[PDB]
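Student: Sequence isn't available, so here's the structure alone:
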């Protein structure tokens, strides 16, 4: 699930409601403390709509417990974040299928046409001669995440 521990308190009265837009500043860290995301580093607060499920479940449930002005530490298990890894999402492709500029590189994102018609991203993990290993698992799958979240305000 998601554990919520206060860093500094909010107003204790104004709590997010379904359909409102939350405006937050956050730092994202792996379980060992290594930073992987930050809205402060972008000089730009991050917005999402409560109940829209456009952020991970741990954020929906965790931020719903915060009052405006509050800063809290959200510890989120993988099943409440970006899932667990699946070997079905590690596939092998010929260099023939790489058609972007240059040669394929480790860590490059390749866009493939999904069954729904959208383009889904895969990350090159290995190159073995003509065979490219592409991982379609979310890069953070199976990892517990720790977020320092500040609820700056609520919008309509």
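Tutor: Nice, I can see it. Numbers count the residues shown, from 1 in each chain.
Student: can you pull out the strands in the chain?
Tutor: Secondary structure of the chain (DSSP state E): strands at 2-8, 21-30, 35-38, 46-49, 71-76, 90-94, 109-113, 119-128, 131-135, 145-155.
Student: Number of residues surrounding residue 42?
Tutor: Residues near residue 42, counting by other CB atoms under 10 Å, number 10. Quick note: C-beta positions are derived from backbone N, CA and C, even for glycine.
Student: List phi and psi for it.
Tutor: phi -90, psi 0 (degrees, to the nearest 10).
Student: ok, back up a step: looking at the strands of the chain, which is buried most?
Tutor: Ranked by average neighbour count under the criterion mean count of other CB atoms under 10 Å, the strands of the chain are headed by strand 71-76 at a mean of 20.
Student: strand partners of that strand, parallel vs antiparallel please.
Tutor: With DSSP bridges as the test, strand 71-76 is paired with strand 2-8 (antiparallel), strand 145-155 (antiparallel).
Student: Domain map for this structure?
Tutor: Domain assignment for the chain by curated CATH domains gives 1-87+137-156, 88-136.
Student: Name the nearest residue to residue 15, sequence neighbours excluded.
Tutor: Closest residue to residue 15 apart from its sequence neighbours, by CB to CB, 6 or more residues apart in numbering: residue 67 at 5.5 Å.
Student: Check the spacing between the nearest residue to residue 58 once chain neighbours are set aside and residue 115 real quick.
Tutor: Leaving aside its sequence neighbours, residue 58 sits nearest to residue 76 (CB to CB, 6+ apart; 3.2 Å). From residue 76 over to residue 115 the distance is 29 Å, taken as CB to CB, to the nearest Å.
Student: Equivalent analysis for residue 89, please.
Tutor: Remark: distance between residue 89 and residue 115 (CB to CB) = 13 Å.
Student: mind listing what residue 33 touches?
Tutor: residue 146 (CB atoms under 8 Å, 6 or more residues apart in numbering).
Student: Check residue 155 too.
Tutor: Going by CB under 8 Å, 6+ apart, the list of residues near residue 155 reads 20-23, 47.
Student: who does it bridge with?
Tutor: Going by DSSP bridges, residue 155 forms beta bridges with residue 21.
Student: For the strands of the chain, could you give me CSV that also reports distance to residue 57?
Tutor: As requested, the strands of the chain are exported to CSV (distance: least, CB to CB, whole Å):
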stretch, distance to residue 57
strand 2-8, 7
strand 21-30, 15
strand 35-38, 17
strand 46-49, 13
strand 71-76, 8
strand 90-94, 24
strand 109-113, 25
strand 119-128, 21
strand 131-135, 23
strand 145-155, 11
